[PDB]
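Structural overview
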Amino acid sequence: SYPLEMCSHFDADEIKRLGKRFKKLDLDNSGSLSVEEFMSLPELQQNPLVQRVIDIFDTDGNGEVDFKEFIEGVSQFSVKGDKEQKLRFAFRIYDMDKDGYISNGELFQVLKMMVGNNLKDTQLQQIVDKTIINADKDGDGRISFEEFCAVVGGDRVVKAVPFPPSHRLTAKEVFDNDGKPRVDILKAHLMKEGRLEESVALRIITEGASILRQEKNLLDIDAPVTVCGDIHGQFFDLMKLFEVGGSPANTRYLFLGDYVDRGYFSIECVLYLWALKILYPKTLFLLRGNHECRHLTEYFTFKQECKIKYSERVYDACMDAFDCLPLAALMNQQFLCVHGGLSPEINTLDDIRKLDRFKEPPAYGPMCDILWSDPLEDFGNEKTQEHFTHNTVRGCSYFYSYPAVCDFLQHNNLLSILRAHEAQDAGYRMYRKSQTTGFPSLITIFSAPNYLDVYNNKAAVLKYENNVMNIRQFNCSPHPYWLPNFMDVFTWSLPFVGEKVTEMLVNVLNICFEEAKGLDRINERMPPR
Ligand SMILES: [Ca+2]
Ligand SMILES: [Ca+2]
Ligand SMILES: [Ca+2]
Ligand SMILES: [Ca+2]
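Residues numbered from 1 in each chain as written, not as in the entry; some residues may be left out. Chains lettered and ligands numbered in written order. Heavy atoms only, no water.

Header annotation of the entry names X-ray crystallography as the structure determination method and lists the resolution as 3.00 Å.

In structure tokens, the structure reads:
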């Protein structure tokens, strides 16, 4: 019989109605909603967030929800009111102990509630860790309301998964007095998910680009050599790649491009290979692949990676570096080595030399073709296809045919073409043998094992030595987890939180194999200019 105080945006009629639904819900008519009383409703027991909502509503911390709390809670939705409330409510979902800070464990447990078994615990811990590292601007290891609002707008931890190092390597730690970089140390850090300093990275990028800028359009490379295909930001598989193909210190390398873009570790692949390039200028060689441009790195996630880690200057620096990448390689005077393949405008090796390479790749022309041309789908069984034909998979440059390749192999006195532009189940692919040489006219090489984490394909590299072209395959390796497009866990989870709380309240109305090559085709295309 004493009146009840509350602060809500409901009018007196709306409160009476909410009261009806409160009473019904209240079975034992104790005037307080209990955890079990909630978990008596048709669709409410299979909602991961009830547990949370109930506990936030419980302002007094007595375990149950009184009518005030109920009305005040529901009032904090359906608000239309200022955006701070929406944010303020969202924050409380994660902050289990109500102390105003989101703990690692807190963030882990709360996510773990809604994600269930769709993620392994090691994976979930990882994305929690990275989200915090980025979001935490004061160093305490927890997320304030302020830090939170910054991110969404635009003991106490579950170990033992390695936590990414806070220390950024300095110029002294990475470079020795003679100028050369410490691949030893670089690798150690990057594999730990560590980062360099914005200064150290920029130095590596530019110091390597300056070496590239001086190499010719068409390299001359001698056997023995290990030839590699696409890498696509799979840094952890690059480590394996080097283990399999031989140490860079005792072995010659030629990479045929695509270092970045489809994988979440592109910047690491770049820093590392660029570091190696400085260290072994005359024995380690990088070509340019179609993905090494401003146009594709904007479209896919590389630009995005550079912003999340480091700065946009690092991106801009890589773009200028990429411009210096050579287009091709004549290997042991037998093999033309190109990322993509031929051009109708490139008849001789001398044609490759006449090209101005220091620019963003044009949308057509010999440059484009070198980087995008693919072979015919039925290359070697051709029936009315001309040498070069409009490539409908890429949407630019040409498809080349077996006669086209054979023709070029004869005119320039070459044995075969090594390229890498198309994923391959076995990590490579040989094509029809030349009528005279008896050796494959064309070879694709692909060095990214288990591509996009789904193709479940083997990788490969070509080891040419003692007049044998040995194809060494390898399976993939573990790597840390990132949510698509380096999304922080809040941005990711919030929408699910939003949808599930609305469902909850609507209880209010109870009165009255590489087939993945098929899925990915869209992204095999040059983006829309
Ligand atoms: Ca009750
Ligand atoms: Ca209460
Ligand atoms: Ca807390
Ligand atoms: Ca903090």
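Now for the overall build of the protein chain. Along the protein chain, the regular secondary structure elements total 22 helices and 16 strands. A buried classification covers 53% of the 529 residues belonging to the protein chain. With an accessible surface of roughly 25,200 Å², the protein chain has 50% of that area assigned to carbon and sulfur atoms. The positive charge centre, built from 60 side chains, and the negative charge centre, built from 77, are 4 Å apart in the protein chain. (Helix = DSSP H or I, 4+ residues; strand = E, 2+ residues; numbered from the N terminus. Buried < 20%, exposed > 50% of the residue type's maximum accessible area, 1.4 Å probe, protein only. Areas by Shrake-Rupley, 256 points an atom, 1.4 Å probe, with all protein chains shown as cover. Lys, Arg positive; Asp, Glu negative; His and termini not counted. Charge placed at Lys NZ, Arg CZ, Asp CG, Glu CD.)

Attention now goes to the coordination of the calcium ion (ligand 4). All of the protein donors around the calcium ion (ligand 4) are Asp136 (OD), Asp138 (OD), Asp140 (OD), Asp140 (OD), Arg142 (O), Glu147 (OE) and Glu147 (OE); their distances to the metal are 2.3 to 3.1 Å. For the calcium ion (ligand 4), the single-chain donor residues occur in sequence as D-x1-D-x1-D-x1-R-x4-E. (Donors = N, O, S within 2.8 Å, 3.2 Å for Na, K, Ca; no water.)

The next thing to look at is the sheet that holds strand β9 (residues 374-375). For sheets, the rule is that strands pair by backbone hydrogen bonds, running either parallel or antiparallel. Reading across from one edge, β9-β11-β10 is the order of the 3 strands in this open sheet, with mixed pairing throughout. Two strands lie at the open edges of the sheet, namely β9 and β10 (388-390), each paired on one side alone. Relative to strand β11 (residues 398-400), β9 runs parallel, the two being bridged by 2 bridges. Its bridge partner lying in β11, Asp374 is registered against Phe399. (Pairing = 2+ DSSP bridges.)

Taking 1.5 Å as the rise per residue, helix α6 (residues 104-115) with 12 residues should run 16 Å; its terminal C-alpha atoms sit 16 Å apart, in good agreement. Where α6 is buried, its residues meet α3 (50-57), α5 (83-94), α7 (121-135) and α20 (489-506). Two or three places before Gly105, at the opening of α6, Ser103 has a side-chain oxygen 3.3 Å from that residue's backbone nitrogen. (Expected span 1.5 Å × (residues − 1). Contact = heavy atoms within 4.5 Å. Polar contact = N/O pair within 3.5 Å; in protein donor to acceptor, adjacent residues only side chain to side chain.)

Let us now look at the coordination of the calcium ion (ligand 1). Surrounding the calcium ion (ligand 1) are the protein donor atoms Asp26 (OD), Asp28 (OD), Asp28 (OD), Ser32 (O), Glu37 (OE) and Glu37 (OE), which sit 2.3 to 3.1 Å from the metal. Around the calcium ion (ligand 1), the 6 donor atoms are arranged such that angles at the metal cover 46 to 165°; this shape is classified as irregular. When the donors of the calcium ion (ligand 1) are listed by position in the chain, the intervening gaps give D-x1-D-x3-S-x4-E. Note on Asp26: relative accessible area 4%, which makes it buried. (Tetrahedral: all angles 85-135°; square planar, octahedral: opposite > 155°, others 65-115°.)

A word on the environment of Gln45. Position of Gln45 among the secondary structure elements: in the loop between α2 (35-38) and α3. Residue classification places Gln45 among the partly exposed positions, given a relative accessible area of 37%. At 3.2 Å, the side chain of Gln45 forms a polar contact with the backbone oxygen of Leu41.

We now examine helix α10 (residues 183-191). Within α10, burial applies to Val183, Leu186, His189 and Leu190. Down the axis of α10, the buried side of the element spans an arc of 130°, and every buried residue falls inside it. Where α10 terminates, the next one or two residues include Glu193, which has phi positive at roughly 70°. (Arc of directions from axis to C-beta.)

Another aspect to go through is the UniProt feature "active site" in the protein chain. In the numbering adopted here, UniProt assigns the feature "active site" to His291. Considering the arrangement of structural elements, one finds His291 in the loop between β6 (284-286) and α14 (294-299). Not counting residues up to four positions away in its chain, the partners in contact with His291 are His232, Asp258, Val260, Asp261, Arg262, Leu296, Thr297 and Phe300. (UniProt positions renumbered as here; feature names shortened; annotations may be inferred.)

Turning our eyes to something else, we now look at the environment of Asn412. With respect to the helices and strands, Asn412 occurs in the loop between α19 (402-411) and β12 (416-419). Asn412 gets classed as buried once you look at its relative accessible area, which sits at 14%. A sequence separation of 63 residues divides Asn412 from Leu349, and the C-alpha atoms of the two residues are 6.9 Å apart. Among the polar contacts made by the side chain of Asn412, one reaches the main-chain carbonyl oxygen of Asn347 at a distance of 2.7 Å.

Strands sit in the order β3-β7-β8-β12-β14-β13 across an open sheet of 6 strands; the sheet is mixed. Strand pairing shows two members of the sheet lacking a second neighbour, β3 (218-221) and β13 (428-430), which therefore form its edges. The mean inter-strand angle of the sheet, taken between neighbouring strand axes irrespective of direction, is 20°. As defined by bridge partners, β3 adjoins strand β7 (residues 328-331) across 4 bridges and the pair is classed as parallel. Within β7, the position partnered with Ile221 by the bridge is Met331. (Axes fitted to C-alpha atoms, helices over the stretch in contact; angles between N-to-C directions.)

Turning our attention to the packing of aromatic side chains. The tally for this structure, following the rule as stated, stands at 31 aromatic pairs. Between the aromatic rings of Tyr259 and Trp274, the centroid separation amounts to 6.2 Å while the plane-to-plane angle is 85°, which identifies the pairing as edge-to-face. Here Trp274 lies in helix α13 (residues 266-279) and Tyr259 lies in the loop between β5 (253-255) and α13, a separation of 15 residues in the sequence. Between the aromatic rings of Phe388 and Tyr398, the centroid separation amounts to 6.3 Å while the plane-to-plane angle is 80°, which identifies the pairing as edge-to-face. You can see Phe388 sitting in strand β10 and its partner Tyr398 sitting in strand β11, a full 10 residues away along the chain. Given a relative accessible area of 34%, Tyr398 falls into the partly exposed group. Through a chain of ring-to-ring contacts, three or more aromatic side chains come together here, namely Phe235, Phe236, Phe242, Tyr253, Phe255, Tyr259, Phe265, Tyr272, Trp274, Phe302, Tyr315 and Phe322. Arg88 extends its terminal NZ or CZ atom over the ring of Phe91, reaching a point 5.5 Å from the ring centre. (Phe/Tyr/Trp six-rings, centres within 6.5 Å; stacked < 30°, edge-to-face > 60°. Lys NZ or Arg CZ within 6 Å of the ring centre and 35° of its normal.)

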